[PDB]
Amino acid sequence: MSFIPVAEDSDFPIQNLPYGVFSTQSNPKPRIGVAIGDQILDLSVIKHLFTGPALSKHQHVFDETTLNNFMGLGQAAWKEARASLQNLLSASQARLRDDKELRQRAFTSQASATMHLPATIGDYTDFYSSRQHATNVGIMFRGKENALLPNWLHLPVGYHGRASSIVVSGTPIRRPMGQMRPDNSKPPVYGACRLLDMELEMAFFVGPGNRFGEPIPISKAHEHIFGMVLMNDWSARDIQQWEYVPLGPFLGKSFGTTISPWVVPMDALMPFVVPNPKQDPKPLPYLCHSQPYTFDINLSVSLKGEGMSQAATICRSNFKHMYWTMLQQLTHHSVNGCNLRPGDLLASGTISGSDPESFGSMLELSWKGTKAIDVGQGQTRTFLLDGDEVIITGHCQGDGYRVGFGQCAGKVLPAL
């Protein structure tokens, strides 16, 4: 089904076909591509091959420097694009395989490519939808009997994030300065954050908007989910704890948030859908959906420090843990008439399962700095050190192939 060979270890078989923005040494202009094997198929080069009804008059979306306009076309266009790509790669429509002059312009090596943020993100929201993550933060901060606050099981709690500091995989992250209060009996101090953390999340991009004042009913929520990326919500826990009452996390989150560049479309993930977790209490009707919209995605996080020769896997978790689905999050986010826009990023929350090996932050893995995490070669961590590199990966396991997400990586630079 693909004339482009795909190795067994590839994140990018024919069943994936994610969208990203890339550039090369020869042509520095960011442009839209699709990953296949170790190659990128350049959609600006092949834009004229999308001849179907939804795209024939809208080929210009493939000439843009971001995915926003393609996202905003909606599901008929996404489905047509994916079918066109499938038919070109199988050579059912043989133009791309057989037009050698087009072909040699259209495919470039991933290894030689530079990736960019896939969209101009107008608004970013971070949810809090893993019951074990919220419970753990609760146990650590408020105690076992108060682990979950009263609203949590009733709505998908979330907060507005900082869009400007969402950066693409591979961007170094500087340890932030700020204010903290390490001794509650004394005034706060200014200094480098001491409790620098990662957060394993996933996120989706919004497709067509909704108009200002017009909620998206849950029945239609699936029409607005374009596809998914990996996210690391870097966090400065000492800055966070001091600032956050009563208006929520702010500078403890906004110094950096990393996403992976390849946006895996929802149609690629639908084969990996599983039943939705039972919610008790049942949510209010506006949040109810029968459609399965929970996904079996195997997630891993590695840490490698300065001097260390091998990265250690510190977390293995799964997106299927989450209590509230993306449909519920999208619907709740628009219930009040808030206008979601193409390229908005809605993140899941930190993805922790019940097994401590699956906790999605070092705040949890180290239990607030009370337990050392073994990172191999005689080294241990509670929170991140200068020079540490964190890499998140994710895969769906098919029969004889995997749909992978590439990398969501960053290295910590010293405070300056």
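So that there is no doubt, residue numbering starts at 1 and follows the sequence shown. Take the two forms, find the largest set of C-alpha atoms that superpose within 1.5 Å, and that set is the rigid core.
Trainee: Can you check whether 87-95 or 240-248 lies farther from the displayed model in 4 other deposited structures of this protein, averaging C-alpha distances as RMS after superposing on the core?
Mentor: So, of the two stretches, the farther one in 4 other deposited structures of this protein is 87-95.
Trainee: After superposing on the rigid core, which of 314-322 and 96-104 has its C-alpha atoms sitting farther from this form in 4 other deposited structures of this protein?
Mentor: Of the two stretches, the larger average C-alpha offset in 4 other deposited structures of this protein falls on 96-104.
Trainee: Got a sec? Mean C-alpha B-factor, which is higher, 345-353 or 62-70?
Mentor: Looking at the record's C-alpha B-factors, the answer is 62-70.
Trainee: Averaging CA B factors per stretch from the PDB record, which one is higher: 387-395 or 38-46?
Mentor: Going by the record's values, the stretch with the higher mean is 38-46.
Trainee: Going by the entry, which of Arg131, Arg174, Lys100, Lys304 has the most elevated CA B factor?
Mentor: Out of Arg131, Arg174, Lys100, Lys304, the record gives the largest C-alpha B-factor to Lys100.
Trainee: Maximum C-alpha temperature factor per the entry, among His332, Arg82, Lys253, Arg142, belongs to which one?
Mentor: So the option with the highest C-alpha B-factor is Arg142.
Trainee: Can you work out whether the C-alpha temperature factor of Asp183 puts it in the lowest, middle or highest third of the chain?
Mentor: For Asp183, the deposited C-alpha B-factor lands in the highest third.
Trainee: Lowest, middle or highest third: where is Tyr286 by Cα B-factor in its chain?
Mentor: Middle third, going by the recorded CA B-factors of the chain.
Trainee: Would you check the entry's CA temperature factor for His224 and let me know if it's in the chain's lowest, middle or highest third?
Mentor: As the PDB entry reports it, the C-alpha B-factor of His224 lands in the middle third of its chain.
Trainee: Is the Cα B-factor recorded for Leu413 in the lowest, middle or highest third of its chain?
Mentor: For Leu413, whose C-alpha B-factor we compare with every modelled residue in the chain, the answer is the middle third.
Trainee: Using the temperature factors of the C-alpha atoms in this entry, rank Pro30 within its chain: lowest, middle or highest third.
Mentor: For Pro30, whose C-alpha B-factor we compare with every modelled residue in the chain, the answer is the highest third.
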